[PDB]
Amino acid sequence: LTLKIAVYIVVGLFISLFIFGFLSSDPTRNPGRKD
Amino acid sequence: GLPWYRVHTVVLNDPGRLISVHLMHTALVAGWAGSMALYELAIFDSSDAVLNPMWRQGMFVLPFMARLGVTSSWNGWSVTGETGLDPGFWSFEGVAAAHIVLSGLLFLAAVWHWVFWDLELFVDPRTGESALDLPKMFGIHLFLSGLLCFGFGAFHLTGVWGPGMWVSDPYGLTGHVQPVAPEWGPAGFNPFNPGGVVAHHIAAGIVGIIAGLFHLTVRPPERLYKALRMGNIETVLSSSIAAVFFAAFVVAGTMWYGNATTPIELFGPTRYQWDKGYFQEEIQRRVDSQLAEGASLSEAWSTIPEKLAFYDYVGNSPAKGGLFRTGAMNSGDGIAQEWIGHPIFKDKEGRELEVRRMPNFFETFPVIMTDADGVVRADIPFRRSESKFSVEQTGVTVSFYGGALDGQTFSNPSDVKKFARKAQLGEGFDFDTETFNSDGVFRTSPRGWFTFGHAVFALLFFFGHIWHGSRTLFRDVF
Amino acid sequence: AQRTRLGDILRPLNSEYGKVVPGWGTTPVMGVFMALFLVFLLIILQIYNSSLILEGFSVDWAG
Amino acid sequence: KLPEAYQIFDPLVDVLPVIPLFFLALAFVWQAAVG
Amino acid sequence: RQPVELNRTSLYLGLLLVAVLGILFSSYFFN
Amino acid sequence: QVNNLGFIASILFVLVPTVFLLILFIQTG
Amino acid sequence: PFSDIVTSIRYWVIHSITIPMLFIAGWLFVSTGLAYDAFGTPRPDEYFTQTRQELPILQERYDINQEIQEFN
Amino acid sequence: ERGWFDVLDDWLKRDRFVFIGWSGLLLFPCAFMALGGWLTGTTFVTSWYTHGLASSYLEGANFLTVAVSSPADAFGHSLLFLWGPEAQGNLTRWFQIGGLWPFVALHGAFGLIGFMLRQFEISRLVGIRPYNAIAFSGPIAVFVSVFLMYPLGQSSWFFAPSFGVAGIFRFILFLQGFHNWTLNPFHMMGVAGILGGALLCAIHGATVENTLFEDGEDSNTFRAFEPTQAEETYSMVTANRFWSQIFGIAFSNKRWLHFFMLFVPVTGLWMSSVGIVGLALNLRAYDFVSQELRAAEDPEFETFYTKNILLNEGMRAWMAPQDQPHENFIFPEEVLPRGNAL
Amino acid sequence: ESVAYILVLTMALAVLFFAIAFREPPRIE
Amino acid sequence: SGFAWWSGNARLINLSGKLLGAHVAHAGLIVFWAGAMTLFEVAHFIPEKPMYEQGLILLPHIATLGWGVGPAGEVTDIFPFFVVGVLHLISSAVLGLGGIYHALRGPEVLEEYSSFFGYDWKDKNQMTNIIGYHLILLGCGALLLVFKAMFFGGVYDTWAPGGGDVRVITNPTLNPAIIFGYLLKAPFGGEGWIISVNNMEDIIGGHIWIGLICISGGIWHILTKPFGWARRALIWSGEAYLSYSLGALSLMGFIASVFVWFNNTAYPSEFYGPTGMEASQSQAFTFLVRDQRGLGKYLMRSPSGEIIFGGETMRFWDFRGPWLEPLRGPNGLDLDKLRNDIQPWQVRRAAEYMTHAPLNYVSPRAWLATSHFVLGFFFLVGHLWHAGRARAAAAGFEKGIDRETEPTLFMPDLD
Amino acid sequence: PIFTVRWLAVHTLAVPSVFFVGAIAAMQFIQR
Amino acid sequence: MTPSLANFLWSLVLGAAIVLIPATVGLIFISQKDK
Amino acid sequence: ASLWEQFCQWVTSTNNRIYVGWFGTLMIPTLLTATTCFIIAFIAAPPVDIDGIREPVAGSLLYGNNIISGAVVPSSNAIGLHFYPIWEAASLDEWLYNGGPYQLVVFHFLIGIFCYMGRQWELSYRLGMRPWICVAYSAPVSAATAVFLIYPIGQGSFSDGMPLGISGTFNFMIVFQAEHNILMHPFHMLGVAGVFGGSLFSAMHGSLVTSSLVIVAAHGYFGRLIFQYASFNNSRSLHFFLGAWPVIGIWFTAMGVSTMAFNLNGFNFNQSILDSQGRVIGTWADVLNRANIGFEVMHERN
Ligand code: CLA
Ligand SMILES: [Cl-]
Ligand SMILES: [Fe+2]
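Residues numbered from 1 in each chain as written, not as in the entry; some residues may be left out. Chains lettered and ligands numbered in written order. Heavy atoms only, no water.

### Regarding the pairing of strand β5 (residues 352-355) of chain B
Residues and elements named next belong to chain B. Burial along β5 is one-sided: the residues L353 and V355 are buried and none of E352 and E354 is. Note that strand β4 (residues 342-346) and β5 share two bridges and pair antiparallel. Of the residues in β5, the one forming a bridge with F345 is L353. Joining the antiparallel neighbours β4 and β5 is a turn of five residues, in which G350 adopts a positive phi near 75°. Where β5 meets strand β6 (residues 368-370), two bridges bridge the pair, whose relative direction is antiparallel. Counterpart to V355 in the pairing with β6 is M369. (Buried < 20%, exposed > 50% of the residue type's maximum accessible area, 1.4 Å probe, protein only. Helix = DSSP H or I, 4+ residues; strand = E, 2+ residues; numbered from the N terminus. Pairing = 2+ DSSP bridges.)

Take a look at the structure:
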């Protein structure tokens, strides 16, 4: 059981970190205009 | 400053250190030749010259000494097959020592020329710069090459004041060194005529003397001097590199196809003598000429010399090896010990069968036995297939004539299969697979390693030609 | 520039650097010899290749 | 096969599907010629 | 003339070329 | 059953050019 | 140049009798069966003789004309 | 007075629709013979008497199955001149015996020499370094090693590649089944050199097209360049930073960058040519005898290398009786390798 | 044979690592 | 502004009126093909030969809706196929006219004329209103499939007993545990993420939910404006909205590519032919009912413990077909249901499907699967092209680096 | 003029071109 | 004088009849008049 | 600042030696897990019963392999397209024996190379660059998923993907050729035109830029070497052609191996030329089939 749980947590950690990183106003992180 | 691939350009306009850098290269080549000969004299098996000839042992430079006359060693033995001769100094060990001593002397000349490089001989008084009259350097060297070519073919090859060269019968059975006389007819252009190599060196040597004298005494035309950049020493490197990959393509060809300069007692048989059944046909020519004398089938097959039957074995073909199958042919099938005799296969109906030999392409050939009309009568199934022509269903028997197994018969289908697999490789032999711990994968002869080394070097030297030809003609933009 | 006894005897052999005959010189003669040399190489190539079969010959080990 | 009343239109029925294809292979000279 | 130069980038390009030729030819040398 | 010299030939094929390039890079600065 | 050539008629009037007759001479070279005879190509019924399905593979080197003739 | 030579020389370099030059006196008549010889072969000439195959449009073959195919193995390495001792001036016999193959090869060989001389002559004309000519040596090295050196090491011109699409594909599967050409380390270096070239071409074009300098208001960036620029169109500083953070390393020198685009594909073609010279002498990297020895003592030892040795054995037995019709190979069904018998 | 195989593979990775982590900083001209 | 000829449709981004013409005109081309290709496929149809042995892909689509077919796939009526193919050609003329009108004769800009149709690519409230007008309309086309199946003749059920049949679905599966449990099945073997749907009650019940979710969201977008987290994360421009849709079609092109490849419930084998898995199981099954005259020469025991067909067909043991389920038990294929319960319609169908089994012809599934994988792929390429371009143009450097203000030159050196 | 070096480079290239195309056009009507 | 030799000599006389006439004298003539 | 935006600042920092970004938060763990599991399996993984009748192929170095013959063996044929994580095997021995390490490496490697494609755009965006370098890199990505993911799905087993090795690659190519004749497939001919053309232009662009260095003398040179107009006088049009040509050719051959996954094969020209009596007259395409038949019959087991 515990290896399936630990990978589900690890994979769950990295996917929503990626998800919340792009929701964090990613368009404004550029050296051009910001809007 | 200088990249690693340009570090040798520091002697480009330094004649005294270019002579020294050539004297160093010459010492290393002569040092390799002397120590290659000593390494080969250390591992050479002089016992049997029939079933363990030099080309079966990976001997690369040892055939080149025997080609020109050096046949014996100080240790008594010889490569022609005799023992206890009197070579004098010029044995294999004397030639090896003369190259080690030469290498040591060329090394000391290179040190003197590297230190005392600023010679007034190389200075041009008109401008003070060091300069080489390249068109006259060529005339001098062409004159000495003309004499050295002439004297080689007129005194060494003719045996006037030399040993001659290696000649042999058409089937490589009785080969030795003897004085060859020149052939001045068109038959001197037969590649397999040893007299054409003698007539060549007298004629090409004479021509290289007259052409040498012309270049000593006639200046270049002003339009050729500037077109060919005759003041730049890199135009000589571009032309020399062209001449040497040209000459390397030729020696690669005459080794692969064979000619008088590459005998089979020294370099082994060629791949084309196996494709064409060159030895297989001479063996039958000899046997049928005995069977015509009312002789027995074993009386005739016992007059075949096993050296002739040894050339008729596909393991001896130079086109059966691998690039990373290293070493001597004896590291392959093993040291050939004796000839098992000629097998005659017959089915249960008295049909004389012939096992189809293995072509040079195939790493694996199926075993097929055909009759006098090419109809497949028996074979060995692939691995576990169901068969209509097994050697147990067709009742194939084999009986041998001459050789070790003379007057014997085998109808046990395990030995019939075993002797059929030997027959698809040509004549069968017993091999000593314990001396060198041989694998069982064929190697290549010195005929094949020479051809490969020199066809690759000739192709690489074509790039060096166009590269240096472009740096002499485009010297301004470079 | 260091002078040597051998360097003084070879001096006349490295003296005419750069000297040429004007114009075309002996280029037509050289062009003829390159033509004869090309035909010659074609002959011995066609003999070896058995494309040129001559009288009393066999490009073969038994010759 | 088309009902008997419409087997007149058969040769044009064999051409209808490729009509969208060759107006793409013609517009490449409509615009090309004019510029 | 000039001394021999070999910067750090050309040292790496050489060290990679040698090891990768060592990776390719090790299996055929061992045979 | 590998080649006996396969190890000395696989090491020299990598060491000899490697040693040359470091001497060339050390004796440069 | 090239522009006046394509945009004239003295170019388009000698070609209107020379490209057609050079295309027809190509057509008849194949239509009349002259292409098979000139290049030795077997017609769709000459690949085999009346029973031999042996491929006429050349075996000798210098007497090919006799061999090609004994194959057909 | 401009004697006949430098009037001819100045005439060959006159600016016209195509540069003739001195090399054109060899390139143009030999390129026309080679391509005209190949078209005449793929249209009218058969391979029925040499290979037992239909290879012309006249015989009903299509564009991918036509080929100017190798001569018969009977001739060995005969050059097969039109006037030679085989065809003896008979031109319909010359077509039937595969005489067109050396005709295309030999003229293609000298046409390729004349084209590389063309690069030298035109580079010397405009006064630049002839890196394009020495970069062409890669293709020439492949041509002479595969179309000339390989059949010469072999028994005849019969085993050189045929001048066709399916005829080239035949030479490709032949060298797999008979030589194990994929296993050869020199082919691996050539595969790396070409795939590395197509990668450099894809990644350099993309890097230039995406680090372009904004030199125009129009949204067609192809209109913001013109031939006479004292500056470059793309930011090498930005391109060097992108690839240093994406890939770890990046080029800093446009001179080294473009020599690399030269050096990688050209070196791959020269290395694979060295391995083709080896295959000419059957000096092939066919086996790892350590795993063949183990697979013999141990029937349970199976490797992806051994799986390929078995694939090659089956291809030889099923291809040879028709790939080599002069050989007269008769293989009964029970000697033909198949997986049901392992 | 297997140590030589692992020795050359880990060398190719040590060159990659040093060529990245310890590189002469680019001076684009 | 200044796009070249090969990007001329980009000159239309800010012409809402002329862009409406390019769209209605393009919509006519789609309806033309669906009408012209249907009239093509009916004009070349042997109405008793298998529909798949004739390269027909549009006629299988109408048959599955229960138009002109009877039990086990016989074409009972060839007129309905013709009516569908004609009702599209004529409607194609209407759409093609209104596209030629707007693109050429209509107002180039629609904010001039109407605040309901005129749209600004950045007016987020009008942009979500158009999703609502379309979501409501998509959910209603989903309930159209439900109304054909429940109240207008029924759809073709391949799982009907004794060969397939056209059956009215009077009990669609409404429990969200079964409907929204398909969305949580692994996409791997034996699971078949949503391709595994194997009954018409699940298909028709799932469109009830899709018919109401799309109308739920459609009324949600008409009545709302994008939220804070939506406005900060997304790019709001014309090319960005296209890149979002391109990634959605990329995703749909792949899902249809594998759905037609594995599924035989929504793609009955009576019309589309057997799947590549079904053709190989039919062969092992047919060889068994011929040699008739856990082992047994064509069967084996899966390491599961299940009796399955054996040989090269071993990898297709997850296949489930209407002609093989009557003889399948709890622990796989029952061995005397195999020996006794083999009806003649299963012997006759499982011989149709093995015709193109291994050991010239391309099945309509290979055409539909290869087509839409390729299209799905190149639409992921076009998404990347446009998603990157839309966000570069929004930031303001899609035309190149500004020499004045190159952002890298201000950055400190890496090392 | 007319007999330039484009008249030869085009006509030794085109005269065989139209002949061969005439031959290949005819081959399409060999009912084999 | 074998057949192979007679045909070889004719190859040099008929190979020079395409390299001398009209190859080198056609380039000499065209250059000596386009001068 | 918040600890999030202090982490979000480090992730999107264009001042890191190697850019992470948000796609790199997925690409780094997946490619490190694929790297970690590939090296251990290439060195010390036990043999894999790939065919499913207990005939294990050995692929690791410690089991009698070299670099050339070593491979990570695809999953067992008794797995097909089933998801096979470690926890889904009843044992660590059963997992290895069934080709488990192949699924783990391939899945992580596929995730990683797609997050690599988003990460090439992400740094593009944050350096002020145009975004279409990730689009060129989609051509080697589509080719990787074609033989790792797409072709297994169409053929119905992960044992049909390419082995992760040198000699396992050549085996994949040979038995693909035997049953699909990929050489006569026209998308592969475009792919070969893509890599042989891309590698000509690479050498052609490199040799003219290097030559033309102490400039306009290059374009005038190539103008003469071909007609006169075979070159782009526009440097930006030239470089667009440089990237587009191999990217398009590899795109096509990747879409060719993916359609062959559904058994839509190349060109078949067998039995194409007959005589008047119906006998077969071989082309060069029939000799190829004998090589394909010979490659194929050795591959099956009955
Ligand atoms: C052309 C020169 C030449 C030729 C034809 C031979 C031929 C032969 N030698 Mg010999 N040898 C030579 C030079 C030569 N040698 C030199 C210079 C030395 C001094 C080191 C020796 C020392 C030597 C010894 C000690 C022995 C021989 C032996 C032999 C015999 C068997 C050799 C063998 O196993 O093949 C092996 C060949 C290879 C494995 C091919 C190597 C190919 C390399 C790896 C290519 C490298 C690729 C390159 C790095 C890539 C390019 C880089 C790119 C990125 C640009 C054979 C007849 C053996 C024998 O039979 O005893 C009598 C024996 O024991 N030789
Ligand atoms: Cl296999
Ligand atoms: Fe560039």
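### Examining the UniProt feature "transmembrane region" in chain K
The UniProt record marks residues 5-29 of chain K with the feature "transmembrane region", using the residue numbering of this structure. Across residues 5-29 of chain K one finds 92% helix and 0% strand; the C-alpha atoms that close the span lie 37 Å apart. (UniProt positions renumbered as here; feature names shortened; annotations may be inferred.)

### Topic: the packing of aromatic side chains
For the structure shown, the criterion picks out 146 aromatic pairs over all chains. Each ring, one from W467(B) and one from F478(B), has its centre 6.3 Å from the other, and the planes form 70°; the classification is edge-to-face. Taken as a pair, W467(B) in helix α14 (residues 446-473) and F478(B) in the segment after α14 lie far apart in primary sequence, 11 residues in all. We classify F478(B) as partly exposed; its relative accessible area is 21%. Put simply, the rings of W55(B), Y171(B), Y278(B), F279(B), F310(B), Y311(B), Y313(B), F429(B), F431(B) and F442(B) pair up and form one aromatic cluster. Directly above the ring of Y272(B) sits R271(B), whose terminal nitrogen or CZ lies 5.5 Å from the centroid. The ring of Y234(H) is capped by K254(H), whose NZ or CZ atom sits 4.8 Å from the centre of that ring. (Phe/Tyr/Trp six-rings, centres within 6.5 Å; stacked < 30°, edge-to-face > 60°. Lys NZ or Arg CZ within 6 Å of the ring centre and 35° of its normal.)

### Looking at the coordination of the iron ion (ligand 3)
Protein coordination at the iron ion (ligand 3): the donors are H204(H) (NE2), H258(H) (NE2), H205(M) (NE2) and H239(M) (NE2), at 2.6 Å from the metal. Here the iron ion (ligand 3) is ringed by four donor atoms whose angles at the metal span 76 to 155°, and the overall shape comes out irregular. You can call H205(M) buried: its relative accessible area is 9%. (Donors = N, O, S within 2.8 Å, 3.2 Å for Na, K, Ca; no water. Tetrahedral: all angles 85-135°; square planar, octahedral: opposite > 155°, others 65-115°.)

### Focus: the pattern of salt bridges
When the charged atoms of two side chains lie near each other, side chains of opposite charge can form a pair. For the structure on display, the rule yields 54 salt bridges over all chains. In this structure, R286(B) engages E282(B) in a salt bridge whose closest nitrogen and oxygen atoms are separated by 3.3 Å. Pair noted here: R286(B) and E282(B) are both in helix α10 (residues 278-291), with a separation of four residues, about one helical turn. On the accessibility criterion, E282(B) (10% relative accessible area) is buried. A salt bridge links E201(J) to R167(J); the shortest N-O distance between them is 2.5 Å. Here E201(J), found in helix α6 (residues 200-222), pairs with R167(J), found in strand β2 (residues 165-167); they are 34 residues apart in sequence, far enough to count as distant. Here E201(J) falls in the buried class, since its relative accessible area comes to 17%. Through salt bridges with shared partners, one network takes in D26(A), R391(J), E122(M) and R126(M). (Salt bridge = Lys/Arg side-chain N within 4 Å of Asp/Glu carboxyl O.)

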